[PDB]
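One structure is given below, encoded as structure tokens.
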Amino acid sequence: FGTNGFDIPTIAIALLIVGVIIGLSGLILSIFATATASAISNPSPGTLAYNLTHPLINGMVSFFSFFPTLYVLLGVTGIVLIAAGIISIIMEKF
Amino acid sequence: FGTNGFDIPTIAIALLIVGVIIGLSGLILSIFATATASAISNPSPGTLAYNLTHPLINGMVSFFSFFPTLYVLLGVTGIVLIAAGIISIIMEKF
Amino acid sequence: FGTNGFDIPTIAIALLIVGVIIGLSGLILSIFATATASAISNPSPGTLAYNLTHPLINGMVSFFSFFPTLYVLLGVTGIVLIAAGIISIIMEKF
Amino acid sequence: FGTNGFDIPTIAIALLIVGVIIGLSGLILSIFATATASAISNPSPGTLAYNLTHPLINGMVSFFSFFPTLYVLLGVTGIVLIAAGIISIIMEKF
Amino acid sequence: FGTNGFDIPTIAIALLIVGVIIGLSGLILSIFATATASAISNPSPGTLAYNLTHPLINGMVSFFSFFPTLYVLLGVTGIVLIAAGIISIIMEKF
Amino acid sequence: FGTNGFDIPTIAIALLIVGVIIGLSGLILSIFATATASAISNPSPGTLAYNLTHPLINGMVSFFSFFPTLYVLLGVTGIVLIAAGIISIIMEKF
Amino acid sequence: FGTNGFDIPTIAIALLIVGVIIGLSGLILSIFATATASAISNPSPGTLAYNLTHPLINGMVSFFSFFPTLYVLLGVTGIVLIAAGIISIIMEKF
């Protein structure tokens with residue numbers, strides 16, 4: 003059901019795969035981050051351990067705050083792909 | 003029942019296949035997302051785990067909100083395909 | 003019973019085939035969608051699972067609302083085919 | 003049924019083709035524009051997103067307002083073609 | 003249905019293609035600009051980050067304000083093309 | 003849909019490409035400049051580090067203030083291109 | 003009584019086999035689950051044994067709640083098989 007490489011069943015299967023993969027990623031990262039939160043403690047505001055450890059958690063926070071826009075771009079990619087497929091159909095079906 | 007590659011039985015079979023595939027996708031994703039909702043908890047509004055975990059669920063929400071328009075475009079593709087077939091019939095049947 | 007490729011028995015057989023295929027498609031999709039309706043539950047209006055699951059059912063609804071016009075176009079195709087056959091008969095039978 | 007290239011059946015077939023093509027175009031554009039209207043939201047009258055997005059919808063509106071006169075000219079072309087055919091008949095049939 | 007290169011079905015198909023392409027462009031740009039608006043924050047009116055970032059958003063605003071007249075000219079081009087076709091028909095159909 | 007090299011679909015695609023590229027550029031530069039603002043501190047008004055560092059931030063400010071007019075010229079280029087295309091159409095379509 | 007591989011007696015025998023197998027499965031699982039219910043006791047709501055044992059019974063409940071939709075899909079498979087057989091008959095019996 004297509005012309006050269008655009009197949010609606012294939013597109014649906016691809017959406018299935020990406021959705022389940024992203025769900026798995028969210029699940030695993032959340033479960034693991036819970037363990038991270040459990041493991042690290044809070045020594046004191048100003049002792050040696052605080053100086054040694056604070057920037058690491060800051061970097062964790064920064065990267066995980068960067069994640070959402072990555073997901074948004076990954077999502078918008080699919081609309082572009084489908085639009086390109088539609089245009090490819092229209093160009094030479096007539 | 004056609005001229006070159008347009009076959010009404012084939013089109014009907016293709017619609018059957020895409021419909022059942024999309025139904026399966028919805029079923030599997032819903033069932034799996036229920037498990038995801040069960041697994042992840044809500045630690046606290048402001049502790050370390052919240053900072054570690056909130057953007058992940060935000061990205062989940064964003065991508066799954068992106069899904070509906072993908073489905074709409076996937077659906078509209080078929081009308082274009084059928085219209086192209088009709089025009090192809092008309093051009094050289096007369 | 004024809005001139006080159008237009009055969010009334012063949013057309014009748016083709017109508018038989020398309021009708022039975024479309025009936026099968028409707029039956030299978032309805033039976034399967036009943037199972038889908040059974041499987042998915044309604045968690046709550048505002049919890050995590052609702053955010054995770056609502057757009058999927060929205061996309062299901064959209065695609066299945068797209069189906070009827072696909073069927074209408076698929077049906078109108080046959081009138082075009084029969085008309086082309088009639089014209090082809092008339093052009094060179096005289 | 004003609005003299006050199008003017009064929010009344012051919013003209014009728016051409017009118018059939020152009021009419022069905024224009025109907026398909028209207029249908030597809032309307033269906034797609036409905037999805038566009040659904041997808042884009044209204045952020046606020048004066049925030050960053052409004053400044054980023056307003057001219058795009060303005061350009062959409064402008065082009066789609068340009069469409070009707072294009073259709074009118076496309077329609078009037080056929081009267082010219084038929085008139086030229088009639089004159090061509092008259093010139094050398096006598 | 004034409005004389006040398008002017009074909010009414012071809013013109014209709016071209017209008018279809020340009021309309022759908024422009025609709026896709028508007029949709030994609032709007033969706034992406036929403037993400038841009040989400041990503042960039044407002045640090046302060048007078049700190050280092052404001053000095054570093056303000057002209058970039060100013061340039062964004064300027065270019066996107068330039069878009070509408072580009073669309074208007076792109077639209078008016080088609081009227082010129084159709085008019086040229088009509089004149090070409092008239093010159094040598096008689 | 004053109005005469006020699008002017009293609010309305012191609013022009014629309016080019017506008018799509020330039021718009022998305024400029025949006026990406028703005029996003030990346032803003033995100034990166036936020037990190038720059040975070041990294042550099044303010045030592046003191048008159049110590050060695052101030053003398054060592056102030057002109058660098060001054061040059062940053064100057065270049066980024068130069069950006070907007072670059073964007074404005076880049077935008078106005080397209081109107082010139084479209085106008086040249088329109089004139090090229092008009093010259094030899096008649 | 004068929005054409006290539008579709009045999010009505012064979013289909014009836016297959017239905018016999020699947021029905022008796024599923025009945026046996028239900029019987030054995032019910033009898034065994036009765037023994038499971040007998041064996042496990044309820045220590046206390048909050049002691050060590052409760053913490054050690056509760057999730058296991060929760061998982062039992064979850065899987066056995068998953069069983070019904072598996073049975074429903076297994077059942078619907080046969081309608082698809084019979085429909086495919088009917089279509090295969092129709093295609094080349096005429």
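Residue numbers (the deposited numbering), protein chains in the order written: chain A, 3 to 96; chain B, 3 to 96; chain C, 3 to 96; chain D, 3 to 96; chain E, 3 to 96; chain F, 3 to 96; chain G, 3 to 96. Ideal Cβ placement from N, Cα and C applies to all residues, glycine included.
| query | Nearest-angstrom Cα distance between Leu29(D) and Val20(G)? | reply | 49 Å
| Would a C-beta distance cut-off of 8 Å place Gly7(F) and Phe68(E) closer than the cut-off? | no
| Using a beta-carbon distance cut-off of less than 9 Å, what residues from the stretch 59-81 of chain F approach chain E? | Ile59, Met62, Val63, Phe66, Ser67, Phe68, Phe69, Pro70, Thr71, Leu72, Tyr73, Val74, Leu76, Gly77, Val78, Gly80, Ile81
| task | Quick one: list the residues of chain G neighbouring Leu18(C), beta-carbon separation under 9 Å, in chain order. | result | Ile92, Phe96
| Using the rule of at least 16 other Cβ atoms within 10 Å of the residue's Cβ for burial, across every protein chain shown, is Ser43(B) buried or exposed? | exposed
| Quick one: any contact between the stretch 56-71 of chain E and the stretch 74-90 of chain F, if contact means 3 or more CB pairs under 8 Å? | yes
| task | Using a Cβ cut-off of 8 Å (strictly closer), state whether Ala41(D) contacts chain B. | result | yes
| query | Does the Cβ-Cβ distance between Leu17(B) and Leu26(C) come in under 8 Å? | reply | no
| message | Helix, strand or coil for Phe34(F)? Go by DSSP, reduced to three states. | response | helix
| Could you give the distance in angstroms between the alpha-carbon of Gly61(C) and the alpha-carbon of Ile10(F)? | 33 Å
| query | To the nearest whole angstrom, what separates the beta carbons of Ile91(E) and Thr5(E), a pair I think is in contact under 8 Å? | reply | 6 Å
| query | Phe34(C) versus chain B: which residues are under 7 Å apart at the beta carbon? | reply | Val22, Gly25
| request: Have a look at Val22(D) and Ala85(B) and give me their C-alpha separation to the nearest angstrom. | output: 9 Å
| query | Is the beta carbon of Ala39(D) sitting closer than 8 Å to the one on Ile33(E)? | reply | no
| task | Report the neighbours of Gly7(A) on chain B: residues whose CB is nearer than 7 Å to its CB, in chain order. | result | Neighbours of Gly7(A) on chain B: none; closest Cβ ~14 Å, over 7 Å.
| field | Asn60(D), DSSP secondary structure in three states | value | helix
| field | Nearest-angstrom beta carbon gap, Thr36(A) and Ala35(B) [assumed within contact, 8 Å] | value | Not confirmed; about 19 Å, so no contact.
| message | Please classify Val82(B) as buried or exposed, where buried requires at least 16 neighbouring CB atoms within 10 angstroms. | response | buried
| At a CB-CB cut-off below 8 Å, which residues of chain E make contact with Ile89(A)? | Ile19, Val22, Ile23, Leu26
| query | Distance, Cα to Cα, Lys95(G) vs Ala14(C)? | reply | 14 Å
| query | Do the CB positions of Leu58(D) and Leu31(E) come within less than 8 Å of each other? | reply | yes
| What does a CB cutoff of less than 8 Å around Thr49(A) pick up in its chain, not counting 5 residues either side in sequence? | none
| request: Could you list which residues in chain E have their beta carbon closer than 9 Å to that of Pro11(F), in chain order? | output: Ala16, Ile19, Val20, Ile23
| said: In whole angstroms, give me the CA-to-CA distance for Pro45(E) and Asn53(E). | reply: 10 Å
| request: Would you verify that the beta carbon of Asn53(D) is, or is not, closer than 8 Å to some beta carbon of chain E? | output: yes
| said: Using the Cβ count rule (16 or more neighbours within 10 Å means buried), how would you classify residue 2(B)? | reply: Absent from the structure is residue 2(B), since the part of chain B shown begins at 3 and ends at 96.
| query | Hey, is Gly61(A) close to the ligand PLP, as in C-beta under 7 Å from one of its heavy atoms? | reply | In terms of ligand content, the structure shown is empty, and the ligand PLP therefore cannot be addressed.
| Between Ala85(A) and chain E, is there a C-beta pair that is closer than 8 Å? | yes
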